[PDB]
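Once you've had a glance at the structure underneath, I'll fire off some questions.
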Amino acid sequence: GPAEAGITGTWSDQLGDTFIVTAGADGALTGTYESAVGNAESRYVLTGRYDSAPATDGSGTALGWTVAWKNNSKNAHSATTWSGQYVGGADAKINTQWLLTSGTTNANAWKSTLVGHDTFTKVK
Amino acid sequence: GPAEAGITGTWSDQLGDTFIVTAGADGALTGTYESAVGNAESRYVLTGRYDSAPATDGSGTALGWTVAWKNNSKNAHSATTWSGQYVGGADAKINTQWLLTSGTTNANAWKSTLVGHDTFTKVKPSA
Amino acid sequence: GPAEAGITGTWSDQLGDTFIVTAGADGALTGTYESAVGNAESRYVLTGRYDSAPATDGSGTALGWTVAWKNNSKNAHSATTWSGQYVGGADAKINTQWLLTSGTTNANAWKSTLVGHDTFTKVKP
Amino acid sequence: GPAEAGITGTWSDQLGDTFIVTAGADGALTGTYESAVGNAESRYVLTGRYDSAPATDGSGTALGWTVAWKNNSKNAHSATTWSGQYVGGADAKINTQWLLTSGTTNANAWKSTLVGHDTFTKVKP
């Protein structure tokens, strides 16, 4: 359907953070994420979920995903989740907010979690 | 290792929101989630990731997961993500913040995303 | 100083949400805020704080402010705070994230708080 | 009214973070905040707003405040805002979420803002 065909593909933000994702199986997001910033290099596994039967009446399609920042080259002892929605059109977008939590001692737990926003445009 | 054995099991918060998760395969989380609140009934697929080789000296283990609020009988047109960390011990905890986004019109996108906090405690074998 | 002169003035985001602010007295923000969206009409009181001695290493100036959405026209039983930083130069910006909490019963407290992001540019005049 | 009497006083969280606030003037919060954690020493100025005519259906009272982490002792080049609600009664609480932004260069702006929660209990009228 349109949610599957819309989300599936490659997405990039203004900083060149890029992900490749497949949307299907009635709600699964799978793919890989590459950050252009922070303690990260090369690709990280992405897993998430999306609404596979969205309100078709001008609303976006809700979705989210997770990346743990460990791969074969690096481990940043952190994970990020993005929560947002897919909007179609010529300039299709995934508009999100994100939360990045680092593993901490209990003393530093109050400062464990960064928050931000990320808008992705579809590249292929 | 300890992150896999610590995280895997059954977890619930002060409201009775509960999940069952398995941590393995070098950083995968899979399970089911049940909310006691909101436009939700019964169980929903959970998928996420965790740090499979956490810092060695008393830090928490970073993890996150996602639930889209559609299952076999309900669809709330929304998805939540939880980002947080695991800590072990007898009162093991997963301490998180969450973001819940609804599909909206572009005019209403400014009000699409709720935010909150959720501390889960692991059900012990002694239960 | 630079931070007082830079923050002081009229600011608007892409949606036409607008505020007018004065920065002074070693850290005080005072002004009015007008929202183009939501359960809001006319101008609301804004109060906040800023770092009146910011780093001079190229960093922005931290700041934050609060609006309770009650005025003489409307009461939306809610309040928003913005947390962010000011950056000067010809494309001066205040880049923020915000938290909007509504008064709720305990049963609805779990869904009391919205989050978003807001970038403001300086208006003349 | 009960919002003013309710919110005015001394509050603390589980970590010992404490603020002393006066609520009045049809929606003003004024006082000082002391953190027990982080790059903070002694008392900082607090300014905020609250809903001075809240719903009477059992709902909490929306509120928000800001602290810039500059005082006569220290400057941490950052500001925090708390958005939340006051719930009255015999276990009077202020339940909030917060956003802490540091001034940063543009290279570091992506990591400028921390997020958390804070529940406060009233320790003194």
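Before moving on, here are some points about what is shown:
Each chain carries a letter (A, B, C and D) given by its place in the written order, and its residues are counted from 1.
What we mean here is this: a residue touches a chain if its C-beta (ideal position, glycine included) is under 8 Å from a C-beta of that chain, and two chains touch if they have at least 3 such contacts.
In this structure, the chain pairs A-D and A-C differ in their number of contacting C-beta pairs, and the larger number is found at A-D. When chain centres are set by their Cα atoms, the one at the greatest distance from chain B is C.
As a whole-number value, the distance joining the C-alpha centres of chain A and chain D reads 32 Å. If each chain is reduced to the centroid of its CA atoms, chain B and chain D end up 28 Å from each other. For the pair chain A and chain B, the distance between mean C-alpha positions equals 16 Å. For chain C, the set of residues that touch two or more other chains comprises 97, 99, 113, 115-116. Of all the residues in chain A, the ones that touch chain B in their complex are 27-29, 45, 47-55, 58-70, 75, 77-85, 87, 95-106, 109, 112-113, 115. Per the touch definition, chain A reaches chain C in the complex via residues 97, 115-117. Taken together, the chain A residues at the contact with chain D in this complex read 15, 37-38, 99-100, 110-111, 113-116.
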